[PDB]
Amino acid sequence: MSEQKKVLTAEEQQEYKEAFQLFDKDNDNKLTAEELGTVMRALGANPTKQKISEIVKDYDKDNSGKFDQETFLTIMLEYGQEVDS
Ligand SMILES: [Ca+2]
Ligand SMILES: [Ca+2]
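Mapping the sequence shown onto the entry's author numbering, position 67 (from 1) lands on 67, and the numbers just tick up by one.
Structural data, given as structure tokens:
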């Protein structure tokens, strides 16, 4: 295959699986605000810990201050692609 899709495809699933897995040696199956900020930076540019921490505490208040793969997979799946570039 000449073309490739790193979004809403198997490539995205594996990419994120290893991304969170490698950044989760504690084996918690989740990532804290700080951890999420590191992986999120790859999707955006380079935000501040205080900024990301505020979004995590506001986006994750009905659960906790951690991130679950299911949440990221659901959001990326509902968006259809999220990023265009
Ligand atoms: Ca962890
Ligand atoms: Ca949550």
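The beta carbon of each residue, even a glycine, is placed where N, CA and C say it ideally should be.
| Asked | Found |
| --- | --- |
| Minimum C-alpha distance to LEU77 - residue among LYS5, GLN4, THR9 | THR9 |
| Per-residue burial, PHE67 [other beta carbons within 10 Å of its own, 16 or more giving buried] | buried |
| For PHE67: DSSP bridge partner residues | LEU31 |
| Extent of the continuous alpha helix (DSSP H) run through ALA10 | 10–22 |
| Residue range of the alpha helix (DSSP H) that includes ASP58 | 49–59 |
| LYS6 Cβ short of 8 Å to ligand 1 heavy atom set | no |
| Status (buried if at least 16 other CB within 10 Å, exposed otherwise) for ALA33 | buried |
| C-alpha gap between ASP26 and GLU35, whole angstroms | 12 Å |
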